[PDB]
Structure formats: C-alpha cells, structure tokens
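Structure below; questions to follow.
Just so you know, all these numbers are worked out from the coordinates, no wet-lab data involved. As a convention, Cβ positions derive from the backbone with ideal geometry for all residues, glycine included, and neighbour counts pool all protein chains shown.
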2 protein chains.
Amino acid sequence: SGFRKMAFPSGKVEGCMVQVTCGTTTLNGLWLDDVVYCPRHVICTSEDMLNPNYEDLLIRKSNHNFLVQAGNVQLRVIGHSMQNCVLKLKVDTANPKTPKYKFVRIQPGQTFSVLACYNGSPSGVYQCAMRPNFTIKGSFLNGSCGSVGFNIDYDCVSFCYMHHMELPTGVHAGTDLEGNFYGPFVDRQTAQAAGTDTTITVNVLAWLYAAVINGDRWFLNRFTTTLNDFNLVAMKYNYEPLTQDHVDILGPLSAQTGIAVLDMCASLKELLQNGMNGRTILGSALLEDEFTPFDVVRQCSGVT
Amino acid sequence: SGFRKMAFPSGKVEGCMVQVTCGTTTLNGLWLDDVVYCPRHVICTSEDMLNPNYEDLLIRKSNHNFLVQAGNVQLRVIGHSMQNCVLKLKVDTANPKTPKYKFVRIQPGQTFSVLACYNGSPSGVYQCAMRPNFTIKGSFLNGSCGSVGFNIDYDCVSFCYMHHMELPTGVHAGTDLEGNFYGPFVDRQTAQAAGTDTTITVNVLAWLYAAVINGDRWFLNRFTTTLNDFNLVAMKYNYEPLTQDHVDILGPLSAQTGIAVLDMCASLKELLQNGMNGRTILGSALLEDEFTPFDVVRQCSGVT
Ligand SMILES: Cc1ccncc1NC(=O)Cc1cccc(Cl)c1
Ligand SMILES: Cc1ccncc1NC(=O)Cc1cccc(Cl)c1
C-alpha cells in the first residue's frame, strides 16, 4: 500500500555520467560504449548563444579541445561529430559500466526518471512527464545541461531525454539522444514559446485507479458518462481528449478494480466540475497527471 | 529553476541489495562489508507473526538455513546474530561494492531517499520524511521488507531506515540499522497505533522559501508575526511548534531571499487561516512538509 512519485533506480545511469569541457563551458555527457553524447552548446560562449552558427563554431574545434572526464580519469577523444543538437565524441575506451541500452523518442504524456547532474556528478533523481506541449517541469540549474531522462525495462536502459535549455518561463526543453528537440525549441538564447499545455487525461484516470486500489475512494460516485460527454468536459478544463486507445490501456486497472473506465470518467468529470472541496487524493489536493497506466500497474504490483 | 521531490542517486545502495530467504519467507537484505542486515521477521511463518518469540524461533535456525543471494551468486553464511529487530548474517565475502557508509538514527521531520526492493532487486526510488509520529508514508508491498532509507554526503551513504511493517492504516514502520524501531512499533501482527501526526512546520517554511526563489511569491504578504503568535496558529492547525533552533536553520534561506523568518511565518499563518483559494505553490495545492531547510539549500544550489 501507498503511492509515491517513484523514479527508476539510477545506478546504471550514474555509471555513464561524465563531465565534458570545451573552452570555458562545462556540462554533462553520457558515455555509452566508446561514444560520449552531450548538448552541442558546450562549444559556445555566452556571446555565441544569442545566435550560434554551430557548424562554424564546431569547425574551430579539434578532438583535443573536448576534455572528457569520467569520475577522475581523463578520456582520450579520437573523433567528434554533430548530430542535430548533440555532439558525439568518439573516445578510445569503451565505458566498462555501459549497461544494456536503447535510444528512444518518447511520446508526450509518457513518463521518465531524470538523473540531474553537475560537472559529471549525479546530485538527484526525480520522476517526471513529458508535457503534451513537449516541455518538462524539471529541477535544473546552470551546469545541469546534458543530464538525461530514461526508463528501465529489467536490465535495459531506454534513454529518452537530454536536458538542454531552460525557457524564460522556468520550464525545461531538451532532445532525444539523436539530438532532435522535443517540441519547436531551438538551442538559442531567444524567447521561445511553449504551446498551451494540457492535462494528461489518461494519466489522471490511471492515478484515480491507483487511489481506489490504495483506499482513497471518496470520489467514486453513482454516475457514468460517454466518451463524447466526457470530452466536452475535458475540453472545457484543458484536458487531453480521451480516445478508445486510452480506454484500452486503462483495461488492466479497470479489470483489477471492477470499475468500468467510463464510470471512472464520470468521477473525474464531477471532480473537474466541483473541485476537491478541501479533500485530498493520495496525499494530493490536485489531479495528478504524472503517472501513466503502466506506472500505476508497475508500482501497484512491485515490478523490479 | 524548478523544484522537485528529489531523491539521492541510488547507485551506491543498489550494489548492496541482496535477497535473504529463510524457510518459506523471502525479503531484502543489505550487504555491507561481510555482514548482511535484514528484518528479523524473515525467520517467521504467517502463524508466527501473531505473537513471535524471536529468540526461540532463531534457535531452530542455523547458518545454512539463511539463503543469501546477491544478484545471481550465493553467499556463504558463517555466522548469525540478532540485534534488536534485525538479523546480522556474517558472510565469508566482503561486498566489493560496499560504499563508504555510516548507520544513523534520524530525527522525526528529517528526510531520506528509499530504494524499494523485491527479492533483492531494486524497483524504485522516492524521497520521503520520517513523520513526527515516527511512521513513513511510503510505497511498499509484500516482499519490500528490508528495503532501506538513506542520505548521501559526497561519497558516504548514511543508512537510516530499514522497512519492516505496514500498519493496518496503510502507513509504514521500520527500524534504524541497529534494529531499533522508530516509534512505539513492535514487529508483530497486531493492531498498533501511530500517534497523532503533525505537519513539520520548519520544512513547510523551507519549502515556502524554495517557492520564493523559484518565482512563486503570490502568498507573500505585508504582515509579520512573533514566535508565540505563530505557535498559537500552529497549535490550532496541528503544526509542530516552531522554536529558535528552527529559525536558526532557516537563516541561510532568509539571507538568500531577504525575507525575515517571522515574515515568512506570517505568510504561513495567512495560508493556514485562509487556505490557498484555488491557487498552487510549486505545483502543489497543499502545504508541502517533505523538504527540510538543508534539502532546499542543496537542490537550489546544485550540490552533487
Ligand atoms: C541556466 C539553466 C537552467 C536550467 N537548465 C538549463 C540552463 N542553461 C541554459 O538554458 C543555457 C542555454 C541558453 C540558451 C540555449 C541553450 Cl540550448 C542553453
Ligand atoms: C504486506 C506489507 C506491505 C508493506 N510493507 C510491509 C508488508 N509486510 C508486513 O507488514 C509483514 C509483517 C507483518 C507483521 C509484522 C511485521 Cl514486522 C511484518
């Protein structure tokens, strides 16, 4: 019993964190096999960030200008290349701590753990969601760039995110491990708009199922609804429209609790229209959307 | 910018997790140097838990009855002893992954990271507080017993908690690494009362300081208060009385923000008396008490 915002154990990722220095800028890199991945803005100075020509900037750099340090040992850089917004530094040594891994581009609404790092050293781990507007509400300071987001399936680490930038609104933006930004963001010191962000409806419903399982049932009512009626309410409250695909992934939780998905939707509809009236659900006074249906199943069954 | 419920990187602790089996019961153990620590209830059957005589139960067991498995390799048990509510299994091999460590008994209101484990395998990491009533609101299932709570200071892991029991109210109880329970709990299948739990006032004030630093300032008002006036309000709302010691630890945050501690108390007083009026602070619709003043300083400065 109990429900927590749980992150994956960060050990396999800690063994991959390195510090990358280029000139005066230092940030985090990910050392997998004989390649170090880091944000390409490591090659910029503060003046460059206003409007960087990354190709021209990288041309003034050689293998010896990239200082890669793993813990306390220096790695020899024998190759460098830019792929989208990431730099790939070929080193002469394969990381002995390289776990089984994959690079994956996650979908908005999906969750992942973040290992926040400074100077190649891990400082903390937290669980977050990729917002529908492709931003993350992380906790990152200067020096955190290159910190990564991941998921773990038994022994395989699926890297999904690399931190690049804090928008003027305090929210965060980054790339997949191929250097493609999630969202319309560019790695430039210019005001950039994150779109209107919506609440991840399917995740809120999954979290209401987690609440029923853990004993918080006060919100369950004698009502039901339809996908069309519920979506009229979701639209009014800036919730993502619920589709049959979302209903299908809620199936295991609906089977476990015996509460049909559309019945849970009617509870959510009443919570949206009436608020919580000063009550809490799973220790929260608001509707939580950072737990996918898979996260609820994993946590509620103890998957290691 | 941004403020998250961040846990310590769990890597140094993952390398210590083992599975301990005794008869038909399996739970988690902590392998440090040549000793495996686990809850003593590993020696009980379901029938024993109603009223166990642990000394009599342990006498029927020999070194060979304790099956300790680290990952996939078996450890040879050469000694066994009971210290309070923990079993200490001497193994013939020192854990090569033993980090620098200490055993510490934490105070109520202090925070720590938990590495939830099943069959000696880590499944998740979350940050929590030891409640003033010595319980923790964790996320633990059957098989999680022996999962540990810790803090990390540079390279030293301070182990502070071992999970033993879920109370009939869904809250959790456990021991320090010397087997002493936090609270009045006994490792027995009997209804046990956790006292009245209060909100950790100093942690809420530290979190309001984290809010001001990150931009959420709407709650700041034109008022001030005294320790005695504030404590009258704290008493009414079941908040821990604030002492000069608490004011002293809030000093660094007060210096950083330029908001005197008693001015922050007046904001908290108005929030307690008026609620949030539908607003949020750091993405929360309630007053958060799981961040100590040290956690706010560490997170807001990027301590690795
Ligand atoms: C200071 C900080 C805080 C949190 N995360 C990240 C940062 N750093 C930056 O955003 C630096 C920067 C500036 C313009 C473009 C890019 Cl790609 C990166
Ligand atoms: C089932 C479960 C869920 C979460 N944490 C722990 C558990 N397990 C137990 O509480 C088992 C037990 C029973 C009576 C006394 C003691 Cl010390 C331990």
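Tell me, what is the Rg over Rh of region A:198-301, with Rh the Kirkwood radius over Cα pairs?
Looking at region A:198-301, the ratio lands at 0.91.
OK, next. I need the fraction of alpha carbon pairs in region A:15-99 separated by more than 20 Å, rounded to a whole percent.
For region A:15-99, the fraction of Cα-Cα distances above 20 Å is 26 percent.
Over what distance in Å are the Cα centres of region A:85-99 and region B:135-211 separated?
Computed from Cα coordinates, the inter-centre distance equals 39 Å.
I would also like to ask the following. For the residue pair A:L67 and A:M235, what label-to-label distance in nm results when each label sits 7 Å from Cα along the Cα-to-beta-carbon direction?
Here the modelled spin labels are 5.8 nm apart.
Moving to a separate point now. What number, in percent, do you get for the relative contact order of region A:198-301 if the mean sequence gap of Cα pairs under 8 Å and at least 6 apart is divided by its residue count?
Once divided by the residue count of region A:198-301, the mean separation gives 48 percent.
Here is a further query. Where does the charge balance sit around B:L30 when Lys and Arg score +1, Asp and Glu -1, over other residues with C-beta under 15 Å from its C-beta?
Net local charge, B:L30 excluded: +2.
For chain B, what relative contact order do you get, as a whole percent, if you take Cα pairs closer than 8 Å and at least 6 residues apart?
Here the relative contact order equals 17 percent.
For A:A94, place a label point 7 Å out from Cα along the Cα→Cβ vector, do the same in each other copy, and report the separations in nm, one decimal, smallest first.
List, nearest first: 3.1 nm.
Let me ask another. Determine, for A:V114, A:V212, the number of other Cβ atoms within 10 Å of each Cβ, and report the residues in order from fewest to most.
A:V212, A:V114
For the pairs A:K102/A:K269; A:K61/B:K97; A:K137/B:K137; A:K12/B:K100, note any where the Cα-Cα span goes beyond 29 Å.
Going by Cα-Cα distance, A:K102/A:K269; A:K61/B:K97 fall outside the 29 Å limit.
Which whole-number percentage describes the relative contact order of region B:65-110, with Cα contacts under 8 Å and a sequence gap of 6 or more?
Normalised by residue count, the contact order of region B:65-110 is 24 percent.
Right, next: Would you calculate a helix-derived [θ] at 222 nm for chain B, using -39,500 (n - 2.57) for each DSSP H run of n ≥ 4 and dividing by the full residue count, to the nearest 500?
Computed ellipticity for chain B at 222 nm equals -6500 deg cm²/dmol.
Per Stokes-Einstein, at 10 °C and 1.306 mPa s, what whole-number D in µm² s⁻¹ belongs to region B:1-57, with the Kirkwood radius over Cα pairs as the hydrodynamic radius?
So the translational diffusion coefficient is about 114 µm²/s.
I would also like to ask the following. Taking the label point 7 Å from Cα in the Cβ direction, how far apart in nm is A:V303 from each other copy of itself, listed shortest first?
3.5
Separate question: Between copies, how close do the B:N180 label points come, placed 7 Å along Cα→Cβ, listed in nm from shortest?
In nanometres, ordered from closest: 5.7.
Here's a follow-up. Starting from the 7 Å offset along Cα-to-Cβ, what nm value, one decimal, do you get for the label separation of A:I59 and A:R188?
1.9
Test of the criteria: in region A:138-231, which chymotrypsin sites (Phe, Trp or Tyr not before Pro) are in a DSSP loop and have at most 14 other Cβ atoms within 10 angstrom of their Cβ?
Here the sparse-neighbourhood loop sites are A:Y154, A:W218, A:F223.
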